[PDB]
Amino acid sequence: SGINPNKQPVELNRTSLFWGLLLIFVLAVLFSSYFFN
Amino acid sequence: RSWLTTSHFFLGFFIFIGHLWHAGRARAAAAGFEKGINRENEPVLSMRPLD
Amino acid sequence: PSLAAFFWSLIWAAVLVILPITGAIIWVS
Amino acid sequence: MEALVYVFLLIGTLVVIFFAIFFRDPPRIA
Amino acid sequence: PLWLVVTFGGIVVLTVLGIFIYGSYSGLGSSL
Amino acid sequence: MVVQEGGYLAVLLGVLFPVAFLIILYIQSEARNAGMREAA
Amino acid sequence: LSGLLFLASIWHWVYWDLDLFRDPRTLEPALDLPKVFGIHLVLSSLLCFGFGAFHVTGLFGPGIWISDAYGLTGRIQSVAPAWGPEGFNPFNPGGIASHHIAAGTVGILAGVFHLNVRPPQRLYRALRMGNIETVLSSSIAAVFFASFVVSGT
Amino acid sequence: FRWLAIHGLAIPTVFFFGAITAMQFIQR
Amino acid sequence: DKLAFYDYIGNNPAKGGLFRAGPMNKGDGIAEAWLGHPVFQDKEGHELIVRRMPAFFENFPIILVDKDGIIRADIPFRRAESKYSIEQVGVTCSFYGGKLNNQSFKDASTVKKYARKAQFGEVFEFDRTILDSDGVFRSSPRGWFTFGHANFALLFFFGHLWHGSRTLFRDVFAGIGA
Amino acid sequence: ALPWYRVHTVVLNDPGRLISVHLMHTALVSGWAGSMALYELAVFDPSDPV
Amino acid sequence: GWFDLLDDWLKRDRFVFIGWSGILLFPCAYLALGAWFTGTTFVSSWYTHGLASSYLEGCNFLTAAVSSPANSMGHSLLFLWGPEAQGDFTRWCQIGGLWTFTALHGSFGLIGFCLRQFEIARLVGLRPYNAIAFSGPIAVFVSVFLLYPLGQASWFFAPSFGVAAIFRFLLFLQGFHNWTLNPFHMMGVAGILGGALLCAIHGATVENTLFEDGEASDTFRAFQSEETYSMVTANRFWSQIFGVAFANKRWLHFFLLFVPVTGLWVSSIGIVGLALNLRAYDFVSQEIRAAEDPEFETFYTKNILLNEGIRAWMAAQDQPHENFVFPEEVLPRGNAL
Amino acid sequence: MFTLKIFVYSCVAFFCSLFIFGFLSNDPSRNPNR
Amino acid sequence: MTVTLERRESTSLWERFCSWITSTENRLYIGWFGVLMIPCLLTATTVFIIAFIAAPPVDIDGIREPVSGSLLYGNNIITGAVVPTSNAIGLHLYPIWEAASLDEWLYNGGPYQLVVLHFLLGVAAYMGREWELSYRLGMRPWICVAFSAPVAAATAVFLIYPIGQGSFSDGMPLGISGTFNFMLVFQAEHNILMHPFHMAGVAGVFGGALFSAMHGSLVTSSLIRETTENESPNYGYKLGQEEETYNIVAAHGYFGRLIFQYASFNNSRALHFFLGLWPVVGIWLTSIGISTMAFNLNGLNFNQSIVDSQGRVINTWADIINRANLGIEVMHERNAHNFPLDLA
Amino acid sequence: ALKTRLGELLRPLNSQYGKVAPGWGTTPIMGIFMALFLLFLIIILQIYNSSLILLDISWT
């Protein structure tokens, strides 16, 4: 079918990268202690 | 002993706060920027960026 | 008796929900 | 040896912080 | 005078509060 | 210490699946960014 | 089923530009959400009535899990609908049957209405019935309502 | 609505204040 | 055995833990036998009942109480100056029905044993080798379902607020003007 | 460009791909049902209903 | 039109805005607040908890409350016309109808206030972020004052509307649920403390990067589209002090929206968990280790002991309907104490 | 143990001296309005 | 001849050193306060990390019953902690060189004392440093006051309370679970919940979060349309711009209609001052509460305050909370007490 | 766009986009049914909650 006009690029600045890494790793810390039990 | 010690800790504490406040304001008033940053002489704008 | 209390609750509620309603209408014209 | 995992996660967080500080993209004035 | 009204009212309020504080030392709730 | 083994998986999978996610986005973001900054 | 839905998903992703989604007067993507709601409501209500009248009653179906008051003799059994007030007893299996039946029927009726009568202009403007995200909002509302209900039961 | 609100809060406040004072003098 | 099994606190869905993973059999084990109903009696012949553990309590003091709710026996924390120990009061336990049917216990050790176990409701046999049970109570599918769906419902309350907001405020969701 | 959250908005004005995406979600859910059933059956013990 | 005239009148610019939302909000808000005052002043809790609960009895502001209904009432809505009070206002207050009154009217009040935020936002023409942010507090009230008791035995174990009563609810959830150990609560604490941190640091930063827009030492009077403080100077300062600083005002203000609100939501997840006694009470590994090894001790196990103490002693007084009798020989305690 | 004490004492005296004599070196003149 | 002596000292070596130290061109500012801060915080951090991971159990209550706090000794993130020094030591200075060996030092809880002292020093120096950079950049100097609140809290739980109680073993443990333990025991022995200063603290943090969410929601609500649809509205602001990025009047108006007209702020400076002031004062008071309770001026005691005509006690909620307090009291440190009254 | 047989068959079902009824149309009726619905939900709630006793809400 034809070329889709609803396609849009996705952005992620370095600040969001660092905030994401921080969020994931910190969440990991916490719940890690609860997952091992 | 409890009354004296607690009361004077309270006093000494807030008095220290006052010390920080007035020392800071003393420096700022001496140097001349205790009322705000000079819109025509903003120090940061005359500085090389950090990175 | 509980059903009668429910119906009566609906009655009092209807009265005191018509009170604000009609109040608003009278100050509307 | 869950201690390994805990140490790993902590080191991960601290590394993320380090790069967040010394490898940030510099703010640029308008 | 507005300031006199505020002063009088304030004194009244503080008096009622003072009565409550007194009430903590007398009657019910005083451990007596 | 008797711990729940699945934890290992959980943690790692958890941690690594968004991490990768982020990295993917970031780098392509920057690529596009560069392109647009270049042709300007 | 998962596999078939997967392939179908691929197809609908590839061939997105169907004429069915275009508006004849503007050549713009448009969905008549009220009438769509009519159709979907007819489907859902019909399936509801069917499930209540055949699957649960045992008229043409297995039935429902029923047990004694102390859960000792549980088995799948045909359930007769309870039309009286006792059907609103959460512990009475009959209710289930009747419910669906009744609900189904009413739903069907509603369907008819929603299939024939256009929405009031003031309601169309208020609820933004030209925007699909309002359908999203309402649906989400209904869904968490139902979730609280099943959590409770 | 100004009257209704202001009085709605103020009238019971005074009522209650009187009550509580009276309580200050209730003996065991 | 089924009915007696229903009257056991280990099958109470309000005795589990959020991070205690697995089936209920991972806790107490796989139910082997009903031991039968333990009846406790003092030297006067009073029928003593062990105070059942409420769902709130992770642990509970062992107290044997009579028909009038009066303390006749217990297991003392502090031993000295105690006056309700089974070694002192003299209590017996006799099982009716189940595997231990018509067996009587008069020795303090065994009576105390069956008393703790008794605070948990009816007593059963358990296989805790097959799944390496850790000896801590877990919730039922009922509990997990209720938890998951209650929280999902709450979160979806937010979702509803957010999308409703985006719908009604579509014209300004990128900012406002003058 | 789109921030990562808002990614899924690219389907809002595309009925066909909205349907496609819903089909994908549905496929995943039913697939989960089947898989879960298989796992449970693989671990279930039917030797004592009591 | 009739409805249009109603709308026109309701949305008039008064000293206190009303609106449709006002139709819901003001009655319920008024009744909830009033019920709290009425209860804390006159009504007792002698027949529900065996406690004095009002000023009339000798309570002060700290120890007075509108306590939860009797445990025997279950999850009864406790209508005044209900089959429990049967119209009798006195018996209604003695049962604990004021609690359900306050709770329900308070709930619908919260609904009305959020709807008020939405309505005013739409009328003025703003983005509805205030209402969302307020979805936070709502989640707290719904989870703690409604969901938690609904999961438990009865309304009796819901928080009682009062200072010391709330304190009791706290220590109760600690001793029985080990609520501090719950990660969701930890996220909540992160949200609140983080929120207070953000409030303080933003306030201080803006106040101390102000531009000299006057001659007076009173910088308040000297305040337009121009920023009243130097964002660049702030950025520089916190970059050299903390290593990282804000650069985008919009992101900043969203962030100090996001942190506390998220805190509240998470802790709410936790509380639902506790409604079903689905607790984060124990670490099985350490319990097993400690069971086998009498020399192994952590602060976790110490707190477990603390919980056990709390539970015994308070158990007897906090749940009078249970008729708990704990002989002084079975009460857990250490040496000497 | 004594050598450790000597070390730590040396460090503390060093940084303390730098602090004191550092803040005595006309610190109020260290401002952007000078 | 006025106030400041505006003068220099001609490219001397010591002057060059003072210049580099006080340089505003450094990525991280290193003032004189930093000359104190950096070594202290580094020593503290190193010892903390190493101990949190591998330190042997510590006899915290001096009763020869070592508590395990490190990861390599059976702890996880939540239960792991740096165990406070021994009660046998009390408030005695216990540096490494006063122990016969590092092993003894580890057994008696030396790490805790070291870390606590160094941390408090370095954090005070951090406060001073905030002032210092503010001065170097020509700012108003009252950020360090705001930060003085948290410093006061830390000082309260790590130094003052041990001083009042006579032992660092009563200082807050450097760990999560240990913190909870500290809180519970504190409640048992001071009834901190019934202390008005702690109530003030709760007002400070609850109110702080409230005003944070409120300010945030208001400003986010009144953002001026500078961005396209589906694009991040944050892109509608640029660092250093002079034009305001939101409609302040619209926000003030919204807030004015939400409650009433005169409840809203018009002066942004006043608003932000309030935002800074509320939580800082709250925390100030709570810190004072922790220290003054460190000298046993405890929370309000209403135990058996209500009596009936016959003379029998009618319990209130304070009595119940007293029951919980009793539970904690009788249960804590089970083997530490030999006598009926807990005076230490 | 692509025309298909199924699409052509389903075409009239999606052709009345935007078509509305003047004014309030059927709003009052809808409001009536809504009030009735609220009454229903409240009724079954009170039945379940045992605030409305008719029929015992125990395991039958």
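In this document, chain identifiers A, B, C, D, E, F, G, H, I, J, K, L, M and N correspond to the written order of the chains, with residue numbering beginning at 1 in each.
Rule of thumb we're sticking to: contacts are C-beta pairs under 8 Å (C-beta built on N, C-alpha and C of every residue); 3 or more make two chains touch, one makes a residue touch a chain.
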Can you give the shortest number of steps from chain K to chain L, where adjacent chains in the path must touch? 2
Of all the chains, which has the CA centre nearest the overall CA centre? K
Calculate how many whole Å lie between the centre of chain I and the centre of chain N, each centre taken as the average of the chain's C-alpha atoms. 44
Counting in whole Å, what is the centre-to-centre distance of chain C and chain D, each centre being its mean C-alpha position? 62
Where the centres are mean C-alpha positions, what is the separation of chain K from chain N, in Å? 35
Would you kindly tell me how far, in whole Å, the mean C-alpha position of chain N lies from that of chain D? 52
Using the touch definition from the top, which residues of chain H touch two or more other chains? 20, 23, 26, 28
Residues of chain M whose C-beta touches two or more other chains: 4, 24, 27, 74, 76-79, 134-135, 137-142, 145, 222-223, 230-233, 236, 239-241, 250, 302, 305-307
Multi-partner residues in chain G (2 or more other chains touched) are 15-18, 20-21, 31, 70, 133
Once bound in the complex, which stretches of chain M touch chain D? 27, 53, 71-72, 76-77, 238-241
Can you check the complex and tell me which residues of chain K touch chain I? 118, 121-122, 125-128, 131-132, 135, 139, 142-143, 147, 151, 153, 176, 182, 265, 268-269, 272-273, 275-282, 284, 287-288, 307-308, 311-312, 315, 322-323, 325-327, 329-333
Going by the contact rule set out above, which residues of chain A touch chain I in the complex? 34-35, 37
Quick check: in the complex, which residue numbers of chain H touch chain M? 28
Per the contact definition, I'd like the list of chain D residues that touch chain M in the complex. 2-3, 6-7, 22, 27-30
